[PDB]
Amino acid sequence: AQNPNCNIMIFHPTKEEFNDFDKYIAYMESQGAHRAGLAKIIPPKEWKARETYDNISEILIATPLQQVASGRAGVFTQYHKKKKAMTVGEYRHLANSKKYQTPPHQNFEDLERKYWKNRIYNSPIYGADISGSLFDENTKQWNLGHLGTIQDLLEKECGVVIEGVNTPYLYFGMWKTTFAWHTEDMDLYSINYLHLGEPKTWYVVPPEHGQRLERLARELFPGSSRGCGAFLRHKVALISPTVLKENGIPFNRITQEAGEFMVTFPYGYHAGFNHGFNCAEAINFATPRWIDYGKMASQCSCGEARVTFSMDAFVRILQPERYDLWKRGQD
Ligand SMILES: O=C(O)CNC(=O)C(=O)O
Ligand SMILES: [Mg+2]
Ligand code: NI
Ligand SMILES: [Zn+2]
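Residues numbered from 1 in each chain as written, not as in the entry; some residues may be left out. Chains lettered and ligands numbered in written order. Heavy atoms only, no water. Residues with missing side-chain atoms left out of burial classes, pairs and counts.

In the PDB header, X-ray crystallography is given as the technique by which the entry was determined, and 1.7000 Å as its resolution.

Set out below in structure tokens:
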């Protein structure tokens, strides 16, 4: 069995290997990359996402979200307070302001220490989940706006035609902006490209151990757990690496830099934070190996999680027994 310790692997495809996306994901899994829950893909040196980022300031962040924490430094929740719209240019200025800028630090490890010590005492502002793409239309390889759709995959594998579309999202981050412990909708894969700016640190639990994380989460967030049997789907809970280690939860960590892709694999719980002003693009996708995960994905039916139009058909076809209760949660 490849990669039995579930380490995060880093891949360096050649330009030729970068042509066929599906093939390369299949290659990565042949070498055991999925066991980690997360992989890093460094594009060939010949490749570019687009010519420059000089013209992005007029993009609008319609609903910036201020991320307010409650709890203790290593175990906390966050809620998203809606703020007034601003442009990417206005947002970058805010990120670079004294109130929000990255502090002086020695290296990534120092900055990680400062993040876990001090995150709860600030409320950074995140531009998340903005429908759109920064890939040039002429970029033919690993263009996140031109991937095969999840609906087509399900069609190809299972023969059923379904409604729905699948498009990318832009994330504009600053220091301390945070992504809570989660798996993807329907335990899908995700792919994330860091277009520009400061790094993003990731933490990930191997899919084969995700239930160990869930059991700890229920212990650490007991009221949340009583309200919903899948409350990690709410995407509000944070647990530090120090707390994971104290409770024996297997996990790994890696920092993503500008120009790099990260792939998250089905049922790979992940969480993380941004180092300073950045812009990432991400999209869910599927492979044939996903189908089994999709059939077994937990669902939030308490009403909090509230998700895209396109998840209806996934639940309807893969999880018909759950469908009625889950849709009541949606409505
Ligand atoms: O970048 C972020 O804030 C969150 N991204 C993801 O969780 C992902 O790509 O799966
Ligand atoms: Mg612009
Ligand atoms: Ni994710
Ligand atoms: Zn719920």
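Draft legend 1. Region of the structure containing the sheet that holds strand β7 (residues 125-131). On the basis of which strands lie adjacent, the open sheet formed by 10 strands has the order β1-β2-β14-β10-β16-β8-β7-β4-β5-β12 and mixed pairing. Where the open sheet ends on each side, the last strands, each with one partner, are β1 (9-11) and β12 (237-239). Going from strand to strand, the sheet's axes swing by 25 degrees on average, the running direction of each strand aside. Alignment of strand β2 (residues 38-41) against strand β14 (residues 261-264), held across 4 bridges, turns out to be antiparallel. Within β14, the residue paired with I41 across the bridge is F261. (Pairing = 2+ DSSP bridges. Helix = DSSP H or I, 4+ residues; strand = E, 2+ residues; numbered from the N terminus. Axes fitted to C-alpha atoms, helices over the stretch in contact; angles between N-to-C directions.)

Draft legend 2. Structural view of the coordination of the nickel ion (ligand 3). Coordination of the nickel ion (ligand 3) by the protein comes from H182 (NE2), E184 (OE) and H270 (NE2), over a distance range of 2.0 to 2.3 Å. Counting the intervening residues between successive donors of the nickel ion (ligand 3) yields the motif H-x1-E-x85-H. Given the relative accessible area of 9%, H182 is considered buried. Residue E184 is classed as buried on the basis of its relative accessible area, which comes to 12%. (Donors = N, O, S within 2.8 Å, 3.2 Å for Na, K, Ca; no water. Buried < 20%, exposed > 50% of the residue type's maximum accessible area, 1.4 Å probe, protein only.)

Draft legend 3. Inspection of the site of ligand 1 at higher detail. Around ligand 1 lies a shell formed by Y126, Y171, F179, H182, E184, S190, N192, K200, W202, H270 and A282. Separating an oxygen atom of ligand 1 from a side-chain N or O atom of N192 is a distance of 3.1 Å. Take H270: an N or O atom from its side chain is 3.0 Å from an oxygen atom of ligand 1. Relative to its unbound accessible surface of 290 Å², ligand 1 loses 94% to contact with the protein. If you list the elements that add at least two residues to the shell around ligand 1, you get β9 (178-182), β10 (189-197) and β11 (200-204). Residues that form the shell around ligand 1 fall into these classes: 5 nonpolar, 4 polar and 2 charged. (Near = heavy atom within 4 Å. Polar contact = N/O pair within 3.5 Å; in protein donor to acceptor, adjacent residues only side chain to side chain. Areas by Shrake-Rupley, 256 points an atom, 1.4 Å probe, with all protein chains shown as cover. Nonpolar A, V, L, I, M, F, W, Y, C, P; charged D, E, K, R; others polar.)

Draft legend 4. Region of the structure containing the UniProt feature "domain: JmjN" in the protein chain. The residues that UniProt annotates with the feature "domain: JmjN" are residues 8-50. The span residues 8-50 shows a helical share of 23% and a strand share of 16%, and its end C-alpha atoms are spaced 27 Å apart. (UniProt positions renumbered as here; feature names shortened; annotations may be inferred.)

Draft legend 5. A look at the pairing of β11. Most of β11 is tucked away: 5 of the 5 residues are buried. Burial along β11 is two-sided: the residues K200, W202 and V204 and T201 and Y203 are all buried. Pairing between β11 and strand β13 (residues 252-256): 5 bridges, direction antiparallel. Counterpart to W202 in the pairing with β13 is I254. Sheet topology note: the β11/strand β15 (residues 270-274) ladder contains 5 bridges and is antiparallel.

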